[PDB]
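**Student:** Have a look at this one before I ask anything.
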Protein chains: 2
Amino acid sequence: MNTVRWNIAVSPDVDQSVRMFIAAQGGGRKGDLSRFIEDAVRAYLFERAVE
Amino acid sequence: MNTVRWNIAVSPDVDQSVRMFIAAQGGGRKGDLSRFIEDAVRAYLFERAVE
């Protein structure tokens with residue numbers, strides 16, 4: 001019941017692309033960038049889970 | 001020419017799944033977890049880029 005603190009370094013090209021995706025889909029979502037990657041990793045881990 | 005510092009919080013269930021994927025594919029890779037998500041976001045941003 002406690003969120004974990006993730007620390008990762010990436011190229012500034014990745015951050016700009018992340019904001020670009022939301023800007024095309026809106027620009028004022030509730031969650032933040034942390035949620036965008038969190039849901040992305042969940043879908044990949046599950047897909048490889050089946051096989 | 002300077003890596004960016006990413007700060008994101010996720011459920012401890014995501015970290016365990018990340019290490020599980022590499023353990024099944026090996027267990028001693030060069031890069032670290034930061035590279036696993038970096039390449040994941042690059043593939044998604046490009047796919048939506050075409051359309």
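Each chain of the structure tokens is named A, B, ... in the order shown, its residues numbered from 1; ligands are numbered from 1 in display order.
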With 7 Å as the cut-off and only C-alpha atoms counted, what is the closest atom pair between each nearby residue of chain B and chain A? Distances in Å to one decimal, ordered by chain and number, as JSON lines.

**Tutor:**
```
{"residue": "B:3", "atom": "CA", "partner": "A:11", "partner_atom": "CA", "distance": 5.0}
{"residue": "B:4", "atom": "CA", "partner": "A:10", "partner_atom": "CA", "distance": 5.1}
{"residue": "B:5", "atom": "CA", "partner": "A:9", "partner_atom": "CA", "distance": 4.4}
{"residue": "B:6", "atom": "CA", "partner": "A:8", "partner_atom": "CA", "distance": 5.0}
{"residue": "B:7", "atom": "CA", "partner": "A:7", "partner_atom": "CA", "distance": 5.1}
{"residue": "B:8", "atom": "CA", "partner": "A:34", "partner_atom": "CA", "distance": 4.8}
{"residue": "B:9", "atom": "CA", "partner": "A:5", "partner_atom": "CA", "distance": 4.4}
{"residue": "B:10", "atom": "CA", "partner": "A:4", "partner_atom": "CA", "distance": 5.1}
{"residue": "B:11", "atom": "CA", "partner": "A:3", "partner_atom": "CA", "distance": 5.0}
{"residue": "B:12", "atom": "CA", "partner": "A:4", "partner_atom": "CA", "distance": 5.6}
{"residue": "B:17", "atom": "CA", "partner": "A:45", "partner_atom": "CA", "distance": 6.6}
{"residue": "B:34", "atom": "CA", "partner": "A:8", "partner_atom": "CA", "distance": 4.8}
{"residue": "B:38", "atom": "CA", "partner": "A:10", "partner_atom": "CA", "distance": 6.3}
{"residue": "B:42", "atom": "CA", "partner": "A:14", "partner_atom": "CA", "distance": 7.0}
{"residue": "B:45", "atom": "CA", "partner": "A:17", "partner_atom": "CA", "distance": 6.5}
```

**Student:** Dump C-alpha atoms for the selected residues as a short mmCIF file (atom, residue, chain, number, x, y, z; two decimals), in the first residue's frame?

**Tutor:**
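Full text of result.cif as output:
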```cif
data_model
loop_
_atom_site.label_atom_id
_atom_site.label_comp_id
_atom_site.auth_asym_id
_atom_site.auth_seq_id
_atom_site.Cartn_x
_atom_site.Cartn_y
_atom_site.Cartn_z
CA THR B 3 21.38 12.26 -20.18
CA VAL B 4 18.26 13.55 -18.40
CA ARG B 5 17.30 12.55 -14.84
CA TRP B 6 13.84 10.93 -14.83
CA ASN B 7 11.86 10.74 -11.58
CA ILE B 8 8.72 8.58 -11.46
CA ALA B 9 6.87 6.59 -8.77
CA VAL B 10 5.41 3.13 -9.49
CA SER B 11 3.95 0.17 -7.55
CA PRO B 12 6.50 -2.30 -6.23
CA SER B 17 8.08 -7.71 -13.06
CA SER B 34 16.49 2.55 -16.97
CA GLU B 38 13.80 3.86 -22.37
CA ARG B 42 10.85 4.81 -27.97
CA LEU B 45 6.19 6.93 -29.51
#
```

**Student:** All Cα atoms, paired in order, least squares: that's the fit I need for chain A onto chain B, output as a compact mmCIF listing (two decimals) with C-alpha atoms, in the first residue's frame.

**Tutor:**
```
# COMPACT_ATOMS: atom_id res chain seq x y z
CA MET A 1 24.80 15.37 -25.19
CA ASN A 2 23.64 15.02 -21.56
CA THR A 3 21.38 12.26 -20.18
CA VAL A 4 18.26 13.55 -18.39
CA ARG A 5 17.30 12.56 -14.83
CA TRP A 6 13.84 10.94 -14.83
CA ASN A 7 11.86 10.74 -11.58
CA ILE A 8 8.72 8.57 -11.46
CA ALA A 9 6.87 6.59 -8.76
CA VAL A 10 5.41 3.13 -9.48
CA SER A 11 3.95 0.17 -7.55
CA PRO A 12 6.51 -2.30 -6.23
CA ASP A 13 4.71 -4.82 -8.48
CA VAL A 14 6.21 -3.13 -11.54
CA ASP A 15 9.85 -3.35 -10.37
CA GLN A 16 9.55 -7.08 -9.59
CA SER A 17 8.08 -7.72 -13.06
CA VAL A 18 10.93 -5.76 -14.71
CA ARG A 19 13.62 -7.91 -13.02
CA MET A 20 11.59 -11.04 -13.80
CA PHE A 21 11.75 -10.36 -17.56
CA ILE A 22 15.57 -10.08 -17.60
CA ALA A 23 16.00 -13.06 -15.24
CA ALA A 24 14.16 -15.22 -17.80
CA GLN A 25 16.31 -13.73 -20.59
CA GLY A 26 19.53 -13.79 -18.53
CA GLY A 27 20.26 -11.97 -15.25
CA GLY A 28 23.46 -9.98 -15.87
CA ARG A 29 22.91 -7.46 -18.70
CA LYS A 30 25.13 -4.40 -19.27
CA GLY A 31 22.65 -1.49 -19.12
CA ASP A 32 20.16 -1.38 -16.22
CA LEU A 33 16.40 -1.05 -15.67
CA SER A 34 16.49 2.55 -16.97
CA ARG A 35 17.37 1.19 -20.44
CA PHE A 36 14.49 -1.32 -20.38
CA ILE A 37 11.87 1.46 -20.11
CA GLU A 38 13.80 3.86 -22.37
CA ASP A 39 13.64 1.46 -25.34
CA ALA A 40 10.00 0.64 -24.51
CA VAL A 41 8.85 4.29 -24.75
CA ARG A 42 10.85 4.82 -27.97
CA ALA A 43 8.99 1.99 -29.76
CA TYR A 44 5.55 3.25 -28.65
CA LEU A 45 6.19 6.92 -29.51
CA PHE A 46 7.39 5.92 -33.00
CA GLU A 47 4.42 3.61 -33.70
CA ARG A 48 1.90 6.37 -32.89
CA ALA A 49 4.13 8.77 -34.87
CA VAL A 50 3.26 7.20 -38.25
CA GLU A 51 -0.45 7.60 -37.43
```

**Student:** Using DSSP on the backbone, list every residue of chain A that comes out as alpha helix (DSSP H), and give them as a count of residues only.

**Tutor:** 32
